[PDB]
Amino acid sequence: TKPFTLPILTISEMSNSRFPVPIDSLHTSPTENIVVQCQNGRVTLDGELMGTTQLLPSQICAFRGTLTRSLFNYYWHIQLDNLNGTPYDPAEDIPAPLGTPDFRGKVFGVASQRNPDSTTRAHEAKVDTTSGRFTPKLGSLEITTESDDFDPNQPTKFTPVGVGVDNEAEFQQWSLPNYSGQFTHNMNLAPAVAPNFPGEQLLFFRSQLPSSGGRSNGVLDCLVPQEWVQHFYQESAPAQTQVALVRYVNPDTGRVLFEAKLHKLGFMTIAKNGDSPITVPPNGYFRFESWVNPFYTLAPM
Amino acid sequence: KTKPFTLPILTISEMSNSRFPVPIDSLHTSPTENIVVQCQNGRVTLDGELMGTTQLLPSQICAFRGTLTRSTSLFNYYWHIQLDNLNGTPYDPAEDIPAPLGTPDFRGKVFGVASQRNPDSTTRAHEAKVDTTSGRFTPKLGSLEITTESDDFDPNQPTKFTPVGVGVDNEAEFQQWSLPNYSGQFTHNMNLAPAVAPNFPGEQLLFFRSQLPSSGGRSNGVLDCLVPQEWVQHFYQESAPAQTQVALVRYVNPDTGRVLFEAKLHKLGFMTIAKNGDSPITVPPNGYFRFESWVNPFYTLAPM
Amino acid sequence: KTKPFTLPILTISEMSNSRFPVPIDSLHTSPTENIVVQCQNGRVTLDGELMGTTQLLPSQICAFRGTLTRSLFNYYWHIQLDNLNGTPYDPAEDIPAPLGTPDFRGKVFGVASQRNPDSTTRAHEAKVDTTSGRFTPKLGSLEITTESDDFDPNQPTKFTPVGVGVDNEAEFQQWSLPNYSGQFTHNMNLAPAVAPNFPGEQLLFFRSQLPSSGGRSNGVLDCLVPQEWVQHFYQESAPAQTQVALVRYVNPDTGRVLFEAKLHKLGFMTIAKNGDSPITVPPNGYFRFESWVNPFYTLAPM
Amino acid sequence: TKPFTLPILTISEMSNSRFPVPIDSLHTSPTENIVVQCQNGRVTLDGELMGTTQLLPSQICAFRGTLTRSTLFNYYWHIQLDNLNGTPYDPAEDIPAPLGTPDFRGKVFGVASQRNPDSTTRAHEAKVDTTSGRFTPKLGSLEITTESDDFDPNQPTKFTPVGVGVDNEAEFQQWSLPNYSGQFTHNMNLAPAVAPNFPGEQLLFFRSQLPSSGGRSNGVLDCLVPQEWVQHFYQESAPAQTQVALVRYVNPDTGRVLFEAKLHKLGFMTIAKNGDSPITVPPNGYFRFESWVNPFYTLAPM
């Protein structure tokens, strides 16, 4: 039986599993009034990926495909391939192509092309996940660009940079988009998570994304960092119980700072009340202690 | 009871470039006798020691943070960047590294997006280029210069740079095997990771190759790394003791259950194969590298 | 007509040192054959061109502003330097270092102060070792040392210079310039060294005795020209008719001249005197421009 | 007849005339509910110093004198004050207090330093409480407070001002003159108070934000004219042809005029503005004299 382990990583050595950016802080909040069903960064403790989660850190909210013709007022239609470059099969039991953004808003980035004659071009672009032509489950999506310099029918890649909404309220990180437009409803979704113990809230790995304009704070929370996605997938260690007891330890000090539950479906809960950051020392790290049952009472923070 | 050395089980489509935040596109071998191979990113020993400017975060390779200002003296607008380490400290040049971790390790222009968020929460982001051959590219001294087409940048504001691809006009301006001058022309490069080369007849370096995006021109954007970023992270975590200077590795197809080729994974973090000429090494989509055994340096690899 | 050259009418007790924010204490002459006098603050041409790290504000000499981050005065702090603007200093300007940067080897003693966005404040004594390997002002940073640990990181910090803070006198070398870029590169864009170009002449200095936080340091600091002359020449920019302006120290009570001196175009004075000696002046006397002369003019001794 | 001129100075090239710090901004405000009578930085346009105003930028809120013992900043010390030039202070002089005495109520935070005949030196943080009953500089003495007990009695002592040192913001009152003679008598020989005298006009202030040793004090200090103007007018002594000089802030980058103001004979400015508000100026702009004018001039609103 292979033991369960966490990688030894510092707050500044973790990457967001819903975006190609580093983790900036730890955060907690009540979550009764939101649905926490993100589809990227979703993995079980025994290394089973769920939702649209994949392994490549740079490919979260990115895409590959072929461009066609349809202030960012130039509209382009993207026929989506898999991030392999292999053709995307909508019949596959997944909500959308792996790496598809799992929130409502506009993903700001750069679309680039390389033609057979070796000519190239790349310009800023936005992916509106709220538009009726955001149908990646059907195999296509729409980008908008400020530039007209794009050649139709050429292979196109998208590099995510941050959020590109105009008003803060258009970015809702806890509202899944319609992966099929309004043709049909979302399917094959990774389960939604919630704390299930009195006085416990979710613990989030928080990033602040770049913003192309407006006053969007670009706050994106993920349940588990991308390195844990990659680590559990490699290890595939059998989950002994539903809950893993984890502790944040300071190697400078020897002291433990707080304890937490790491649940089998891939999320963390702590004993705290209110929307608040969790300030941690620069050398601290999460450490696996043992398998424990859901009725464990954590020391409050 | 000696902790065994391992490679993560990753297919070709599951690896990331360690010199740029992009997926690996192919495997490639090439003669390098006439060139010096000394990249500074993606440099790790098999027992988990990072070298050069290598760090763990995949997105921070060729990215930077700091404070933007207008420079003292078609991408026209010039901006000066006082460089911060990732934690938000200013970069202290007294540290024994060639440059801030993740600083580009090639000659050319890095094309990306510079973004700002002001204390009153106003934001902006526009395309930008980092010329690593500019005389004001002195990251070791704590500064660099970006070029932009837009003028919408507030000075004295925190600024991030996300790298997307090459930005040179003429393909020959991108020299992936030519180091930049980390201190400009004021002093020489320091604390470099050592250069690598095959030390056996009939052997060539094996590269993990990516085709970076390009903002224009005919640049193929070819970037070779010695080792994927996932092996950098894995070896750092494992730190398994290196039994010898060479680890024998085999590329196995798990459906066939048969090895396609074998290679030497050297202790300093680079691979060699028994092959002559510049050529891609095509592999099945489910194949992956596997550690076979520690060997002596004079082990003879099967050809190809 | 041609705009005439003038000196401000100022008494000895109405002049400020141009290398430190203190009043001028006395006049002094000294043989300088075996040293290189090349100070960077208080460097101005007679026709109003500033040189070195010289600027106009008297309080900003050996002061600085920036952001403090962490790194018996035993607490070390990293200072990311800003211009008086608030924006980081650009190392690409053709100056030796940020304007006002100290131009001597030793420790500057002062007070570092902070004011945070929530309006909370703190201030404590600090020292600036201009010989430290981490004194890299030209690169945009330096290292302060404090006895108090009460300093918030990532907060705007000012430094008010008070005086010397060396332990033994020999650490203070007023005529030894620091390495503005640490040991990464050598000093550049320096104002030229100065020396008398005539037999029997010595440099004339405006001398101040800086406060000292401890030890036996005399705190002696000599500037070539007071800060008021820096500000005056910059405003007037009168054309220099020759390389030497004859200048006379006059007593307005008695109407008599006490001595004469050469005010050179590069911005320094020489007198016909031998040996290390103070120059005693009446409390109401002052320098006054007499005429432009040729370099081979012979000053009356003393 | 010598014409009246202003020095060509930028916002960032001006010093506060009530404290040895640079000017940070321009400000305006209604002043009906305060007495604007501040004694430092008081000069007439024809070059006459008033109040406790002197020439040296570093000596505002500073003192020289002899220290002796008397009775957290625990240690109390008595200062027998000399003049800033080391000359004995005469309380019969027709001035409010020794030149450079603070002209506000609060605590001046700085460093007291000593150098002894045997060349031993000390320097530590110190505060001058101008509201204390033993703050009697007109009588020739004040009291400092220190946290360090390392001071030698009967030794020459200097004081370098750094900023404010009150605990609560309300202790610092920049528009309340201290009692230069304690409560033994009232203030004498004061520079006159100023106020706008035209409809829609308010005073224009040169504003700095002083460092603070603690608490949440904003350390905001307003002066009527910058110290460089005090020095320039003293040098020029140009005849004031009328009571009001018309002055315009011009942008050399664009050649355009941004606002105009009245510069009054007693040394203060008024603008056509309403409400407490900063006056934002471009970095290269400067004040330019236009002509002499009468008090009934109507300024263009801002």
# chains A, B, ... in the order shown; residues from 1 in each chain; ligands from 1
call {"tool": "select_by_dssp", "arguments": {"residues": "stretch 130-193 of chain D", "states": "strand (DSSP E or B)", "output": "list in words"}}
result
residues 136, 141, 142, 143, 144, 145, 146, 155, 156, 157, 158, 159, 160, 161, 162, 163, 164, 173, 180, 181, 182 and 183 of chain D
call {"tool": "write_last_selection", "arguments": {"atoms": "N, CA and C atoms", "output": "PDB file, in the first residue's frame"}}
result
ATOM      1  N   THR D 136      10.527  78.637  27.600  1.00  0.00           N
ATOM      2  CA  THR D 136      10.637  80.083  27.642  1.00  0.00           C
ATOM      3  C   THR D 136      11.891  80.512  26.904  1.00  0.00           C
ATOM      4  N   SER D 141      15.799  80.142  27.628  1.00  0.00           N
ATOM      5  CA  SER D 141      15.942  78.746  28.012  1.00  0.00           C
ATOM      6  C   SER D 141      14.709  77.957  27.600  1.00  0.00           C
ATOM      7  N   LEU D 142      14.923  76.687  27.263  1.00  0.00           N
ATOM      8  CA  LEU D 142      13.832  75.750  27.038  1.00  0.00           C
ATOM      9  C   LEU D 142      14.229  74.403  27.623  1.00  0.00           C
ATOM     10  N   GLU D 143      13.322  73.439  27.509  1.00  0.00           N
ATOM     11  CA  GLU D 143      13.497  72.110  28.074  1.00  0.00           C
ATOM     12  C   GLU D 143      13.323  71.072  26.977  1.00  0.00           C
ATOM     13  N   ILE D 144      14.262  70.137  26.892  1.00  0.00           N
ATOM     14  CA  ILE D 144      14.124  68.997  26.000  1.00  0.00           C
ATOM     15  C   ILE D 144      13.800  67.767  26.835  1.00  0.00           C
ATOM     16  N   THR D 145      13.220  66.774  26.170  1.00  0.00           N
ATOM     17  CA  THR D 145      12.930  65.473  26.753  1.00  0.00           C
ATOM     18  C   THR D 145      13.628  64.403  25.932  1.00  0.00           C
ATOM     19  N   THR D 146      14.211  63.415  26.607  1.00  0.00           N
ATOM     20  CA  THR D 146      14.917  62.345  25.916  1.00  0.00           C
ATOM     21  C   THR D 146      14.559  61.000  26.527  1.00  0.00           C
ATOM     22  N   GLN D 155      27.606  71.128  28.905  1.00  0.00           N
ATOM     23  CA  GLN D 155      28.336  70.886  27.678  1.00  0.00           C
ATOM     24  C   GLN D 155      27.578  71.465  26.492  1.00  0.00           C
ATOM     25  N   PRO D 156      28.296  71.936  25.473  1.00  0.00           N
ATOM     26  CA  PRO D 156      27.624  72.525  24.307  1.00  0.00           C
ATOM     27  C   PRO D 156      26.747  71.500  23.605  1.00  0.00           C
ATOM     28  N   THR D 157      25.505  71.892  23.343  1.00  0.00           N
ATOM     29  CA  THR D 157      24.501  70.993  22.794  1.00  0.00           C
ATOM     30  C   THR D 157      23.814  71.647  21.606  1.00  0.00           C
ATOM     31  N   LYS D 158      23.657  70.877  20.533  1.00  0.00           N
ATOM     32  CA  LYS D 158      22.934  71.296  19.343  1.00  0.00           C
ATOM     33  C   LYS D 158      21.703  70.415  19.175  1.00  0.00           C
ATOM     34  N   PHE D 159      20.714  70.924  18.445  1.00  0.00           N
ATOM     35  CA  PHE D 159      19.467  70.200  18.221  1.00  0.00           C
ATOM     36  C   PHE D 159      19.139  70.207  16.738  1.00  0.00           C
ATOM     37  N   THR D 160      18.970  69.016  16.167  1.00  0.00           N
ATOM     38  CA  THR D 160      18.646  68.858  14.757  1.00  0.00           C
ATOM     39  C   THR D 160      17.186  68.465  14.612  1.00  0.00           C
ATOM     40  N   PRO D 161      16.342  69.300  14.010  1.00  0.00           N
ATOM     41  CA  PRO D 161      14.924  68.946  13.883  1.00  0.00           C
ATOM     42  C   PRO D 161      14.706  67.873  12.828  1.00  0.00           C
ATOM     43  N   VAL D 162      13.818  66.927  13.142  1.00  0.00           N
ATOM     44  CA  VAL D 162      13.450  65.854  12.229  1.00  0.00           C
ATOM     45  C   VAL D 162      11.977  65.917  11.849  1.00  0.00           C
ATOM     46  N   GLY D 163      11.096  66.124  12.824  1.00  0.00           N
ATOM     47  CA  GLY D 163       9.672  66.186  12.564  1.00  0.00           C
ATOM     48  C   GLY D 163       8.854  66.476  13.807  1.00  0.00           C
ATOM     49  N   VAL D 164       7.666  65.886  13.897  1.00  0.00           N
ATOM     50  CA  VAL D 164       6.778  66.093  15.035  1.00  0.00           C
ATOM     51  C   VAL D 164       6.871  64.891  15.963  1.00  0.00           C
ATOM     52  N   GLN D 173      -0.596  71.855  16.718  1.00  0.00           N
ATOM     53  CA  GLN D 173      -1.464  72.938  16.254  1.00  0.00           C
ATOM     54  C   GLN D 173      -0.585  73.982  15.574  1.00  0.00           C
ATOM     55  N   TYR D 180       6.334  82.301  24.070  1.00  0.00           N
ATOM     56  CA  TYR D 180       7.789  82.415  24.062  1.00  0.00           C
ATOM     57  C   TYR D 180       8.354  82.791  25.425  1.00  0.00           C
ATOM     58  N   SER D 181       7.543  83.375  26.305  1.00  0.00           N
ATOM     59  CA  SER D 181       7.978  83.725  27.649  1.00  0.00           C
ATOM     60  C   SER D 181       7.280  82.894  28.718  1.00  0.00           C
ATOM     61  N   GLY D 182       6.798  81.705  28.366  1.00  0.00           N
ATOM     62  CA  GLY D 182       5.967  80.975  29.301  1.00  0.00           C
ATOM     63  C   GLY D 182       4.682  81.736  29.566  1.00  0.00           C
ATOM     64  N   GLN D 183       4.154  81.569  30.782  1.00  0.00           N
ATOM     65  CA  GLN D 183       3.034  82.373  31.263  1.00  0.00           C
ATOM     66  C   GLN D 183       3.492  83.524  32.152  1.00  0.00           C
TER      67      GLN D 183
END
call {"tool": "residues_around", "arguments": {"residues": "residue A:148", "least_positions_apart": "5", "cutoff": "10 Å", "atoms": "only C-alpha atoms", "output": "list in words"}}
result
residues 72, 73, 74, 75, 76 and 123 of chain A
call {"tool": "write_last_selection", "arguments": {"atoms": "N, CA, C and O atoms", "output": "short mmCIF file (atom, residue, chain, number, x, y, z; two decimals), in the first residue's frame"}}
result
data_model
loop_
_atom_site.label_atom_id
_atom_site.label_comp_id
_atom_site.auth_asym_id
_atom_site.auth_seq_id
_atom_site.Cartn_x
_atom_site.Cartn_y
_atom_site.Cartn_z
N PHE A 72 -12.45 46.01 -28.33
CA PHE A 72 -12.36 44.67 -28.91
C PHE A 72 -13.65 44.40 -29.68
O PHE A 72 -14.63 43.88 -29.13
N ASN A 73 -13.66 44.75 -30.97
CA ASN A 73 -14.87 44.66 -31.79
C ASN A 73 -14.73 43.74 -32.99
O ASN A 73 -15.66 43.67 -33.80
N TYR A 74 -13.61 43.05 -33.15
CA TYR A 74 -13.45 42.07 -34.21
C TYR A 74 -13.74 40.68 -33.66
O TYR A 74 -13.15 40.28 -32.65
N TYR A 75 -14.66 39.97 -34.30
CA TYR A 75 -15.18 38.71 -33.78
C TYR A 75 -14.67 37.56 -34.63
O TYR A 75 -14.73 37.62 -35.86
N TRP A 76 -14.18 36.52 -33.96
CA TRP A 76 -13.59 35.37 -34.63
C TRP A 76 -14.16 34.09 -34.06
O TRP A 76 -14.40 33.98 -32.85
N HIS A 123 -1.88 38.75 -31.17
CA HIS A 123 -2.48 39.97 -30.66
C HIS A 123 -3.37 39.65 -29.47
O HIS A 123 -3.80 38.51 -29.27
#
call {"tool": "residues_around", "arguments": {"residues": "stretch 174-186 of chain A", "least_positions_apart": "6", "cutoff": "12 Å", "atoms": "only C-alpha atoms", "output": "compact mmCIF listing (two decimals) with N, CA and C atoms, in the first residue's frame"}}
result
# COMPACT_ATOMS: atom_id res chain seq x y z
N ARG A 18 -6.73 26.87 -11.53
CA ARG A 18 -7.77 27.39 -12.41
C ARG A 18 -7.25 28.46 -13.36
N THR A 31 -19.51 30.07 2.49
CA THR A 31 -19.83 29.74 1.10
C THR A 31 -21.25 29.20 0.97
N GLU A 32 -22.15 29.56 1.89
CA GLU A 32 -23.54 29.12 1.76
C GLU A 32 -24.21 29.76 0.56
N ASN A 33 -23.87 31.01 0.27
CA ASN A 33 -24.54 31.79 -0.77
C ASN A 33 -23.90 31.64 -2.14
N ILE A 34 -22.94 30.73 -2.30
CA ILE A 34 -22.34 30.45 -3.60
C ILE A 34 -22.31 28.94 -3.80
N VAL A 35 -22.10 28.53 -5.02
CA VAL A 35 -21.96 27.16 -5.33
C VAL A 35 -20.55 26.99 -5.69
N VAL A 36 -19.86 26.12 -4.99
CA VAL A 36 -18.47 25.87 -5.25
C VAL A 36 -18.31 24.62 -6.06
N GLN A 37 -18.49 24.79 -7.37
CA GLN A 37 -18.33 23.71 -8.33
C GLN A 37 -17.51 24.17 -9.52
N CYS A 38 -16.24 24.45 -9.27
CA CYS A 38 -15.28 24.69 -10.29
C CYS A 38 -14.87 23.38 -10.91
N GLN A 39 -14.45 23.44 -12.13
CA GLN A 39 -14.17 22.23 -12.90
C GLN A 39 -12.69 22.03 -13.19
N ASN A 40 -11.88 23.08 -13.09
CA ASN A 40 -10.43 22.94 -13.14
C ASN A 40 -9.87 22.82 -11.73
N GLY A 51 -13.94 16.74 -13.77
CA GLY A 51 -14.29 17.97 -14.48
C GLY A 51 -13.48 18.12 -15.75
N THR A 52 -12.96 19.32 -15.96
CA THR A 52 -12.10 19.62 -17.10
C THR A 52 -10.62 19.67 -16.71
N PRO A 90 -16.91 15.67 -28.85
CA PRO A 90 -17.94 16.10 -27.90
C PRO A 90 -18.64 14.95 -27.19
N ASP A 93 -17.12 11.86 -22.04
CA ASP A 93 -17.83 12.11 -20.79
C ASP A 93 -17.11 13.16 -19.94
N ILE A 94 -17.03 14.36 -20.50
CA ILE A 94 -16.45 15.51 -19.81
C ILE A 94 -17.32 16.73 -20.07
N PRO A 95 -17.30 17.71 -19.16
CA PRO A 95 -18.17 18.89 -19.34
C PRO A 95 -17.81 19.72 -20.56
N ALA A 96 -16.56 19.69 -20.99
CA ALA A 96 -16.02 20.55 -22.03
C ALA A 96 -14.61 20.07 -22.33
N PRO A 97 -13.93 20.59 -23.36
CA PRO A 97 -12.52 20.26 -23.54
C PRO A 97 -11.73 20.54 -22.26
N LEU A 98 -10.77 19.67 -21.97
CA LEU A 98 -9.95 19.85 -20.78
C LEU A 98 -9.25 21.21 -20.82
N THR A 100 -10.89 24.06 -20.25
CA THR A 100 -11.86 25.11 -20.53
C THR A 100 -12.11 25.94 -19.27
N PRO A 101 -12.18 27.27 -19.39
CA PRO A 101 -12.47 28.10 -18.21
C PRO A 101 -13.79 27.70 -17.55
N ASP A 102 -13.79 27.73 -16.22
CA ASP A 102 -14.92 27.29 -15.41
C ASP A 102 -15.55 28.45 -14.64
N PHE A 103 -15.68 29.60 -15.28
CA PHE A 103 -16.29 30.76 -14.64
C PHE A 103 -16.91 31.64 -15.71
N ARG A 104 -17.77 32.56 -15.27
CA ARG A 104 -18.39 33.51 -16.17
C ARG A 104 -17.61 34.82 -16.17
N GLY A 105 -17.39 35.36 -17.36
CA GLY A 105 -16.61 36.56 -17.53
C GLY A 105 -15.89 36.54 -18.86
N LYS A 106 -14.81 37.33 -18.93
CA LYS A 106 -13.99 37.43 -20.13
C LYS A 106 -12.55 37.12 -19.77
N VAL A 127 -11.92 35.98 -24.40
CA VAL A 127 -12.85 34.87 -24.53
C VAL A 127 -14.01 35.15 -23.58
N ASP A 128 -15.18 35.43 -24.14
CA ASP A 128 -16.39 35.68 -23.36
C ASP A 128 -17.07 34.34 -23.08
N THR A 129 -16.99 33.89 -21.83
CA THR A 129 -17.64 32.64 -21.45
C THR A 129 -19.13 32.80 -21.17
N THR A 130 -19.66 34.02 -21.27
CA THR A 130 -21.09 34.26 -21.10
C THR A 130 -21.84 34.36 -22.42
N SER A 131 -21.14 34.39 -23.55
CA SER A 131 -21.78 34.57 -24.84
C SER A 131 -22.44 33.29 -25.32
N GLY A 132 -23.47 33.45 -26.15
CA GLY A 132 -24.19 32.31 -26.70
C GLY A 132 -23.36 31.46 -27.63
N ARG A 133 -22.25 31.98 -28.14
CA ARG A 133 -21.34 31.23 -28.99
C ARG A 133 -20.18 30.63 -28.21
N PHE A 134 -20.18 30.76 -26.88
CA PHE A 134 -19.30 29.99 -26.03
C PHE A 134 -19.92 28.61 -25.88
N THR A 135 -19.62 27.73 -26.83
CA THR A 135 -20.12 26.35 -26.83
C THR A 135 -18.97 25.37 -27.01
N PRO A 136 -18.02 25.35 -26.06
CA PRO A 136 -16.87 24.44 -26.22
C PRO A 136 -17.25 22.97 -26.14
N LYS A 137 -18.28 22.62 -25.36
CA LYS A 137 -18.77 21.25 -25.37
C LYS A 137 -19.24 20.84 -26.76
N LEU A 138 -19.78 21.79 -27.53
CA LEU A 138 -20.11 21.53 -28.92
C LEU A 138 -18.88 21.57 -29.83
N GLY A 139 -17.78 22.16 -29.36
CA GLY A 139 -16.53 22.14 -30.09
C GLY A 139 -16.06 23.46 -30.64
N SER A 140 -16.64 24.58 -30.22
CA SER A 140 -16.27 25.88 -30.76
C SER A 140 -16.42 26.94 -29.68
N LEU A 141 -15.77 28.08 -29.90
CA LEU A 141 -15.99 29.26 -29.08
C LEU A 141 -15.67 30.49 -29.90
N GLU A 142 -15.91 31.66 -29.31
CA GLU A 142 -15.73 32.94 -29.98
C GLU A 142 -14.75 33.79 -29.19
N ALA A 192 -19.98 19.51 -6.55
CA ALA A 192 -19.83 20.71 -5.74
C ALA A 192 -19.43 20.34 -4.32
N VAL A 193 -18.69 21.24 -3.68
CA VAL A 193 -18.14 20.97 -2.35
C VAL A 193 -18.65 22.02 -1.37
N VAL A 219 -9.76 38.29 -8.56
CA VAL A 219 -9.55 37.30 -7.51
C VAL A 219 -10.08 35.95 -7.99
N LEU A 220 -9.21 34.94 -7.99
CA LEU A 220 -9.57 33.59 -8.40
C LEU A 220 -9.09 32.61 -7.33
N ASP A 221 -10.03 31.89 -6.74
CA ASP A 221 -9.74 30.89 -5.72
C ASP A 221 -9.80 29.49 -6.34
N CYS A 222 -8.87 28.63 -5.93
CA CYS A 222 -8.90 27.24 -6.34
C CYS A 222 -8.86 26.35 -5.10
N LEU A 223 -9.45 25.16 -5.22
CA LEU A 223 -9.56 24.26 -4.08
C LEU A 223 -8.21 23.68 -3.69
call {"tool": "residues_around", "arguments": {"residues": "stretch 222-226 of chain C", "least_positions_apart": "5", "cutoff": "9 Å", "atoms": "only C-alpha atoms", "output": "NGL selection string"}}
result
:C and (15-20 or 24 or 27-28 or 39 or 41-44 or 174-175 or 203-209 or 267-269)
call {"tool": "atom_distance", "arguments": {"atom1": "atom CA of residue A:206", "atom2": "atom CA of residue A:26"}}
result
5.6 Å
call {"tool": "closest_atom_pairs", "arguments": {"of": "chain D", "to": "chain C", "cutoff": "9 Å", "atoms": "only C-alpha atoms", "output": "JSON lines"}}
result
{"residue": "D:7", "atom": "CA", "partner": "C:235", "partner_atom": "CA", "distance": 6.7}
{"residue": "D:8", "atom": "CA", "partner": "C:235", "partner_atom": "CA", "distance": 7.0}
{"residue": "D:9", "atom": "CA", "partner": "C:235", "partner_atom": "CA", "distance": 8.8}
{"residue": "D:12", "atom": "CA", "partner": "C:84", "partner_atom": "CA", "distance": 7.5}
{"residue": "D:13", "atom": "CA", "partner": "C:57", "partner_atom": "CA", "distance": 6.1}
{"residue": "D:14", "atom": "CA", "partner": "C:57", "partner_atom": "CA", "distance": 6.9}
{"residue": "D:15", "atom": "CA", "partner": "C:57", "partner_atom": "CA", "distance": 6.7}
{"residue": "D:20", "atom": "CA", "partner": "C:59", "partner_atom": "CA", "distance": 6.2}
{"residue": "D:21", "atom": "CA", "partner": "C:59", "partner_atom": "CA", "distance": 6.0}
{"residue": "D:22", "atom": "CA", "partner": "C:57", "partner_atom": "CA", "distance": 7.0}
{"residue": "D:54", "atom": "CA", "partner": "C:14", "partner_atom": "CA", "distance": 8.7}
{"residue": "D:55", "atom": "CA", "partner": "C:14", "partner_atom": "CA", "distance": 6.4}
{"residue": "D:56", "atom": "CA", "partner": "C:14", "partner_atom": "CA", "distance": 6.2}
{"residue": "D:57", "atom": "CA", "partner": "C:58", "partner_atom": "CA", "distance": 6.9}
{"residue": "D:58", "atom": "CA", "partner": "C:22", "partner_atom": "CA", "distance": 6.0}
{"residue": "D:59", "atom": "CA", "partner": "C:23", "partner_atom": "CA", "distance": 7.9}
{"residue": "D:84", "atom": "CA", "partner": "C:13", "partner_atom": "CA", "distance": 8.5}
{"residue": "D:85", "atom": "CA", "partner": "C:13", "partner_atom": "CA", "distance": 6.0}
{"residue": "D:110", "atom": "CA", "partner": "C:111", "partner_atom": "CA", "distance": 8.1}
{"residue": "D:111", "atom": "CA", "partner": "C:162", "partner_atom": "CA", "distance": 7.4}
{"residue": "D:112", "atom": "CA", "partner": "C:211", "partner_atom": "CA", "distance": 8.9}
{"residue": "D:113", "atom": "CA", "partner": "C:211", "partner_atom": "CA", "distance": 6.0}
{"residue": "D:114", "atom": "CA", "partner": "C:211", "partner_atom": "CA", "distance": 7.2}
{"residue": "D:115", "atom": "CA", "partner": "C:211", "partner_atom": "CA", "distance": 7.4}
{"residue": "D:118", "atom": "CA", "partner": "C:216", "partner_atom": "CA", "distance": 8.3}
{"residue": "D:119", "atom": "CA", "partner": "C:216", "partner_atom": "CA", "distance": 5.2}
{"residue": "D:120", "atom": "CA", "partner": "C:216", "partner_atom": "CA", "distance": 4.7}
{"residue": "D:121", "atom": "CA", "partner": "C:214", "partner_atom": "CA", "distance": 4.8}
{"residue": "D:122", "atom": "CA", "partner": "C:213", "partner_atom": "CA", "distance": 4.7}
{"residue": "D:123", "atom": "CA", "partner": "C:213", "partner_atom": "CA", "distance": 4.3}
{"residue": "D:124", "atom": "CA", "partner": "C:213", "partner_atom": "CA", "distance": 7.0}
{"residue": "D:125", "atom": "CA", "partner": "C:125", "partner_atom": "CA", "distance": 7.3}
{"residue": "D:158", "atom": "CA", "partner": "C:211", "partner_atom": "CA", "distance": 8.0}
{"residue": "D:160", "atom": "CA", "partner": "C:162", "partner_atom": "CA", "distance": 6.5}
{"residue": "D:161", "atom": "CA", "partner": "C:162", "partner_atom": "CA", "distance": 8.8}
{"residue": "D:162", "atom": "CA", "partner": "C:160", "partner_atom": "CA", "distance": 6.3}
{"residue": "D:211", "atom": "CA", "partner": "C:113", "partner_atom": "CA", "distance": 6.0}
{"residue": "D:212", "atom": "CA", "partner": "C:121", "partner_atom": "CA", "distance": 5.8}
{"residue": "D:213", "atom": "CA", "partner": "C:123", "partner_atom": "CA", "distance": 4.3}
{"residue": "D:214", "atom": "CA", "partner": "C:122", "partner_atom": "CA", "distance": 4.5}
{"residue": "D:215", "atom": "CA", "partner": "C:121", "partner_atom": "CA", "distance": 5.7}
{"residue": "D:216", "atom": "CA", "partner": "C:120", "partner_atom": "CA", "distance": 4.6}
{"residue": "D:217", "atom": "CA", "partner": "C:119", "partner_atom": "CA", "distance": 7.2}
{"residue": "D:218", "atom": "CA", "partner": "C:119", "partner_atom": "CA", "distance": 7.0}
{"residue": "D:228", "atom": "CA", "partner": "C:231", "partner_atom": "CA", "distance": 9.0}
{"residue": "D:235", "atom": "CA", "partner": "C:8", "partner_atom": "CA", "distance": 6.8}
call {"tool": "residues_around", "arguments": {"residues": "residue A:150", "least_positions_apart": "5", "cutoff": "10 Å", "atoms": "only C-alpha atoms", "output": "list in words"}}
result
residues 67, 68, 69, 74, 76, 111, 112, 113, 120, 121, 122, 123, 145 and 156 of chain A
call {"tool": "atom_distance", "arguments": {"atom1": "atom CA of residue B:201", "atom2": "atom CA of residue B:290"}}
result
23.6 Å
call {"tool": "interface_residues", "arguments": {"of": "chain B", "to": "chain A", "cutoff": "8 Å", "atoms": "only C-alpha atoms", "output": "PyMOL selection string"}}
result
chain B and resi 8-9+13-16+21-23+56-60+86-87+113+115-117+121-127+160+162+164+213-220+237
